Amino acid sequence: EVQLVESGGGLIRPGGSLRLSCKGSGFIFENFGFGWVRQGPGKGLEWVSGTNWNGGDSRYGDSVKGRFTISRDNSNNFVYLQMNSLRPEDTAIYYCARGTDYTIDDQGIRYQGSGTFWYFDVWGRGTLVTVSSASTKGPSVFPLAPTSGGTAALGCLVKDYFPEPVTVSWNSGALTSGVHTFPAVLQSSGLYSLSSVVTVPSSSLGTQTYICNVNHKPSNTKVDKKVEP
Amino acid sequence: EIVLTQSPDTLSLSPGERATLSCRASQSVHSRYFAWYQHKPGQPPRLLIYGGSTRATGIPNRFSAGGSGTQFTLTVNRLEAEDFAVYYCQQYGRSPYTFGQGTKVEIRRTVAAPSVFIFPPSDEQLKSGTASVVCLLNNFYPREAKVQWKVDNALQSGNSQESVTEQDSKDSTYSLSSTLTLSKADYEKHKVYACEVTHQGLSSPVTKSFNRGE
Amino acid sequence: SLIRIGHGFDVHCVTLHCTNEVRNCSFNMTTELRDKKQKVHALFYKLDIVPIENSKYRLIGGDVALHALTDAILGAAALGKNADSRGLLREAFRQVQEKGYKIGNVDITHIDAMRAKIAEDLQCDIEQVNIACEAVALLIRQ
Ligand SMILES: *[C@@H]1O[C@H](CO)[C@@H](O[C@@H]2O[C@H](CO)[C@@H](O[C@@H]3O[C@H](CO[C@H]4O[C@H](CO[C@H]5O[C@H](CO)[C@@H](O)[C@H](O)[C@@H]5O)[C@@H](O)[C@H](O[C@H]5O[C@H](CO)[C@@H](O)[C@H](O)[C@@H]5O)[C@@H]4O)[C@@H](O)[C@H](O[C@H]4O[C@H](CO)[C@@H](O)[C@H](O)[C@@H]4O)[C@@H]3O)[C@H](O)[C@H]2NC(C)=O)[C@H](O)[C@H]1NC(C)=O
Ligand SMILES: *[C@@H]1O[C@H](CO)[C@@H](O[C@@H]2O[C@H](CO)[C@@H](O)[C@H](O)[C@H]2NC(C)=O)[C@H](O)[C@H]1NC(C)=O
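Residue numbers (the deposited numbering), protein chains in the order written: chain H, 1 to 52, 52A, 53 to 82, 82A to 82C, 83 to 100, 100A to 100P, 101 to 126, 131 to 213; chain L, 1 to 27, 27A, 28 to 213; chain G, 111 to 122, 126 to 133, 153 to 185, 188 to 194, 201 to 220, 228 to 256, 267 to 287, 305 to 316.
Below is the structure:
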């Protein structure tokens, strides 16, 4: 029953602005606090913000104070995050999350239904926000040409694409045995690079042909490259 | 701003065992103002614990946590298969609320030394004016592994990039790549290129290398 | 008439958030075991609420004995700003005096202070006088 749907993602340049929305359903929305949590590349969860049921009390992580503004619309059962002065380091997946349905004052009195954001029992599937000044580009694909353990190894190096993600398949996608696709790495240039590899019998190299299928939706690109010894 | 330091950074356990987590707080939380979360790759995090050890909705009695002052621990009496994932502590005693950096619980297997391969820059990429050397470390365990690049046996730095894959879904092993990026002008000027691998499973370090053009 | 009678009975919050011409205002309310406060709702004509500093308002007579007892007296002579109960009493006593009925007896259900506060509005007798209130006022002809 309980679900949280985020929206508003996309690519924005440094200094730009962006607006996120989170729709709650299946419970009495007006009673609950809400918060936002993000995960940068290779980082853990980082507390960004939280607001109570009517948005009257809003507070922020030290690292986001000033640039971020939280709001909510109890009339149409929406909560928002207005993000201004976005910077590259703010690049991350952002999750909307439901807080508590009670709170406690300095006197120890518990207030049922006046929710706040101490912790989060319901989390959205998350929406990606990428903050970078790099222009959408399709990858350059370079072959990685070949032994240890009695076999050879090969792969495609998908380099200088932007932004994430890409998807790789082999022979349309029927070849899964032995394929490792590595996590993308952000290069000094701010562009991504990764390698895709697959282990095969050294003897089967000459007989059969190997092509790697690179997909890069941001630029609606698709690139195959045959690997020759 | 409350800083949370967790330990260990990750755990190597086996189904049926008990797991004990650790989260150190910089300043004093009131024991009951602590939460713990669970997160598997590819899924949203799920709340496990609030109020120190009040069970969150849907969380079985098999999970328990506690602690006080500046150290708090979580204990899982008997791990099951679905329990291998990343776990985060969370304090809400003082704004800004902050999370620990996470501790990963992974599938334990037998020790596996790495299979080591080196790939030279292809002629294509060079022709385009860049030069990339790839080192592949295949099917090894444990995760800890040091990869060092050497040019004419001289150690490089700041011009290489690593990357480890997710734990293998079939054999519970890892794979890792190390990528050395060089300019074309310098590449043609030098001879020896080497990938050095140090790992728990090797009796001593293994070096793969080639001389440019051979 | 030679003698009239009047009966009185009257019954008389902190923070009220007010929204959306009527008021959909919501606020904390107390029930259960001295701690847990379920946040309830109600309604309120703008006349019934007072402003004070977002937008949060609160409740605006003040004393309930004179509320009722004033409805007693004034319920006697066949007759039926807010910040002073005392005045509205001297008002009621003005009407009744202006009809000729001298207050007979008045019963009341810091007592000495309160009575003397009434006797000042009625100019009656101390030996005549003595949260919810039910109060009675008897009118005599002079
Ligand atoms: C049901 O009952 C509940 C009862 O709680 C009620 O909900 C409460 O509603 C009120 C008003 O809507 C909320 O009060 C808000 O609190 C805001 C939080 O501010 C915090 O941060 C301040 C800054 O922190 C600095 O200092 C600390 C010091 O330790 C430091 O660490 C920080 O790093 C930072 O440097 C802090 O000063 C502030 O302290 C206030 O709160 C305590 C609480 O007891 C009080 O005792 C203090 O005297 C002090 O007032 C707090 O910790 C606060 O920002 C906000 O205040 C105003 O902010 C701007 C300033 O211009 C105003 O424009 C704005 O309009 C606000 O009025 C506000 O007062 C309160 O938080 C709710 N309850 C909870 C638990 O959050 C419901 O409304 C009731 N009704 C219903 C229907 O449920
Ligand atoms: C008067 O207030 C109540 C709550 O104080 C409002 O009730 C909400 O109605 C919406 C309908 O869209 C529900 O989604 C909310 O869950 C209700 N809240 C609660 C606490 O039940 C009511 O809508 C207000 N008056 C009007 C005309 O809407």
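C-beta atoms are modelled at their ideal positions from N, C-alpha and C, and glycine is treated no differently.
Could you tell me whether the Cβ atoms of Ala130 of chain L and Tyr87 of chain L are closer together than 8 Å?
-> no
Out of H:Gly100D, H:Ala88 and H:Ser100J, which has the shortest C-alpha to C-alpha gap to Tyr98 of chain H?
-> H:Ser100J
Compute the distance between the beta-carbons of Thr160 of chain H and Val152 of chain H, then report whether it is under 8 Å.
-> no
How long is the line joining the alpha carbons of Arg58 of chain H and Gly33 of chain H, rounded to whole angstroms?
-> 12 Å
Using a Cβ cut-off of 7 Å, pull out every chain L residue sitting near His200 of chain H, in sequence order please.
-> Under the 7 Å cutoff, chain L gives no residues; its nearest Cβ is about 18 Å from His200 of chain H.
Heavy atom of ligand 2 less than 7 Å from the Cβ of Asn76 of chain H, yes or no?
-> yes
Hey, would you say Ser82B of chain H sits closer than 8 Å to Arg100F of chain H, going by beta carbons?
-> no
At which residues does the alpha helix (DSSP H) containing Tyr186 of chain L begin and terminate?
-> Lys183 to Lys188
Please check if any C-beta of chain H sits within less than 8 Å of the C-beta of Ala55 of chain L.
-> yes
Specify, as a first and last residue, the run of the alpha helix (DSSP H) that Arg272 of chain G falls within.
-> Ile268 to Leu279
Please check if any C-beta of chain H sits within less than 8 Å of the C-beta of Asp167 of chain G.
-> yes
CB contact check: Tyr100O of chain H to chain G, cutoff 8 Å | no
Ordered along the chain, which non-local residues of its own chain (more than five positions away) have a Cβ less than 6 Å from that of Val163 of chain H?
-> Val182
Take the Cβ of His38 of chain L as the centre, count every other Cβ of all protein chains shown within 10 Å, and call the residue buried at 16 or more, exposed below.
-> buried
Helix, strand or coil for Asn31 of chain H per DSSP?
-> helix
With a Cβ-Cβ cutoff of 8 Å, do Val109 of chain H and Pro84 of chain H count as a contact?
-> no
Sorry if obvious, but does the Cβ on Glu143 of chain L come closer than 7 Å to a heavy atom of ligand 2?
-> no
Residues near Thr163 of chain G in its chain [Cβ-Cβ closer than 8 Å; skip 5 each side] = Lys169 and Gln170
Please name the residue, chosen from H:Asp144, H:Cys92 and H:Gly134, that lies closest to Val115 of chain L on a Cα-to-Cα basis.
-> H:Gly134
Does any residue of chain H bring its CB to less than 8 Å from the CB of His130 of chain G?
-> yes
Distance between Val182 of chain G and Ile268 of chain G (C-alpha atoms, nearest Å) | 30 Å
Chain G partners of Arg100F of chain H, CB-CB under 7 Å?
-> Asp167 and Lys168
Taking only beta-carbon atoms, is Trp154 of chain H less than 8 Å away from chain L?
-> no
Return yes when the Cβ of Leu136 of chain L is within less than 8 Å of the Cβ of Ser174 of chain L, no when it is not.
-> yes
When burial is assigned at 16 or more other CB atoms within 10 Å of the CB, is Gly35 of chain H buried or exposed?
-> buried
Buried or exposed: residue 290 of chain G, going by 16 or more other Cβ atoms within 10 Å of its Cβ?
-> For chain G, the structure lists 287 followed at once by 305, and that leaves residue 290 of chain G out of the model.
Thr128 of chain G Cβ short of 7 Å to ligand 1 heavy atom set | yes
Taking a cut of 7 Å between CB atoms, which residues from the region 84 to 97 of chain H lie near chain L?
-> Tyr91
For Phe83 of chain L and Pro113 of chain L, believed in contact at Cβ under 8 Å, the rounded distance = Contact flag wrong, Cβ pair sits at about 22 Å.
Quick one: what does DSSP say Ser232 of chain G is sitting in, helix, strand or coil?
-> helix
Validate contact between the region 6 to 19 of chain L and the region 140 to 157 of chain H using beta carbons, cut 8 Å, 3 pairs | no
Option in G:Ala208, G:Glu245, G:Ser158 and G:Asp211 with minimal Cα separation from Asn73 of chain H | G:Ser158
What are the residues of the region 105 to 124 of chain L that lie near chain H, defined by any Cβ-Cβ distance shorter than 8 Å?
-> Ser114, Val115, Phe116, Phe118, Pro119, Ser121, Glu123 and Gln124
Going by alpha carbons, who is nearest to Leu181 of chain L out of L:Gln160, L:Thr197, L:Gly200 and L:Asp167?
-> L:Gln160
With 8 Å set as the bound, which would you pick, yes or no: does the beta-carbon of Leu135 of chain L sit closer than that to a beta-carbon of chain H?
-> yes
So, are the CB atoms of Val172 of chain G and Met161 of chain G less than 8 Å apart?
-> yes
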